[PDB]
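Please read the structure below before turning to the comments.
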Ligand code: NA
Ligand code: NA
Ligand code: NA
Ligand code: NA
Ligand code: NA
Ligand code: NA
Ligand code: NA
């Protein structure tokens, strides 16, 4: 219901951008990774993760919200077997809020209920936003991380340390959060040139200790549209302000 | 086109992809019968925090069914169990979901 058209006036419209490197994991914003096991709730995970980040940057509150709350109280979304990231923020804007990960649990592939009276804490948003297919780095910093998607495959899931210069999935079927960007200094095996291997630090809603704690970084560029595995596409960010 | 969820009707696999017939030791819990290596027909897939397959089977009176046989991550390596069974189905009842 609100967009980028008048949101960069309050952060960086009249300013400059380090087109290289900014991990929001390292600047008091990124919250502990949470797992979803065998019940598709990636969308709901990224929703609460992004709201966690917003609170964590402003008043610096390491509060964590729940993901089964938006698996049972998903009105215009589907549920624990699929769902969209943007129409969860709107259900959250009308209902009133999500209950903390203690005040309301996640049980993965298991039937569960919804009560919006298992909490007394007022945790909600006022507007959400969409970021274009290119400003994933430009709007990652002054606005905050972006609930994005990635093409999931066995290649994407090879969870070692490195820049992901590999293949991807055949459909945009997994929601994640873009949590930063960076650069690396490697050399060519012929002329030992410092190949500038920039990347996107991308989180996984799987919450596993997947590679870099649950953050596989993928090969991207100084600008941000070469993004492989559809790194972006359906990119959404909430705003408590 | 939606994040980590309902896929589309997938036809079938090549000669190898034998998640179809791992039913023999895993129906033993509650769907145990002489129903061994149940006859699967059409397939589908899903993603959560790992691989989540789907198989439409036949069982009993040639009565069809659906199977939430879900795979996962390689802590050890390969693992899959029917995280839900439902044997009141037909070929038309395919692999709706949930
Ligand atoms: Na809009
Ligand atoms: Na190379
Ligand atoms: Na391009
Ligand atoms: Na698009
Ligand atoms: Na396989
Ligand atoms: Na008969
Ligand atoms: Na059919």
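Just so it is clear, chain A uses Swiss-Prot numbers, and the residues here are 244-484, in order.
From the backbone N, Cα and C atoms, a Cβ is placed for every residue, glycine too.
Look at Swiss-Prot and you will find A:282-A:323 (among others) tagged as disulfide bond, backed by experimental evidence. The Cβ of residue A:323 (disulfide bond) has 27 other Cβ atoms within 10 Å, all protein chains considered.
All chains included, 30 other C-beta atoms sit within 10 angstroms of the C-beta of residue A:285 (active site). Residue A:285 (active site) falls within a helical segment according to DSSP. If you look up Swiss-Prot, you'll see A:285 (among others) marked as active site.
Marked as disulfide bond by Swiss-Prot on the basis of experimental evidence: A:316-A:357 (among others). Using a 10 Å Cβ-Cβ cutoff, residue A:316 (disulfide bond) registers 21 neighbours.
Residues annotated as disulfide bond in Swiss-Prot: A:342-A:362 (among others). For residue A:342 (disulfide bond), the same-chain residues 6+ apart in sequence whose C-beta sits under 8 angstroms from its C-beta are A:308, A:309, A:312, A:359, A:361, A:362, A:364, A:366. Residue A:342 (disulfide bond) falls within neither a helix nor a strand when secondary structure is assigned with DSSP, and so counts as coil.
Under 8 Å, Cβ to Cβ, and six or more positions away along its own chain, residue A:472 (disulfide bond) finds A:393, A:394, A:395, A:396, A:399, A:407, A:411, A:412, A:461. What Swiss-Prot lists as disulfide bond is A:411-A:472 (among others), and the listing cites experimental evidence.
For A:417 (among others), the entry in Swiss-Prot reads active site, with the evidence type sequence analysis. A 10 Å cutoff on Cβ-Cβ distances gives residue A:417 (active site) a total of 29 other Cβ atoms nearby, all chains included. Following the DSSP three-state reduction, the secondary structure of residue A:417 (active site) is coil.
Here Swiss-Prot flags A:447 (among others) as active site, drawing on sequence analysis. The C-beta environment of residue A:447 (active site), restricted to residues of the same chain at least 6 apart in sequence and closer than 8 Å, consists of A:276, A:419, A:453, A:457, A:458, A:459.
Here the disulfide-bonded residues are A:282, A:357, A:362, A:411, and the one ringed by the most other CB atoms within 10 angstroms is A:282. Here the Cα atom of residue A:282 (disulfide bond) is found 13 Å from that of residue A:417 (active site).
In sequence order, A:282, A:285, A:417 are the recorded positions among A:282, A:285, A:357, A:362, A:417, A:472 whose C-beta falls under 8 Å from a C-beta of chain B.
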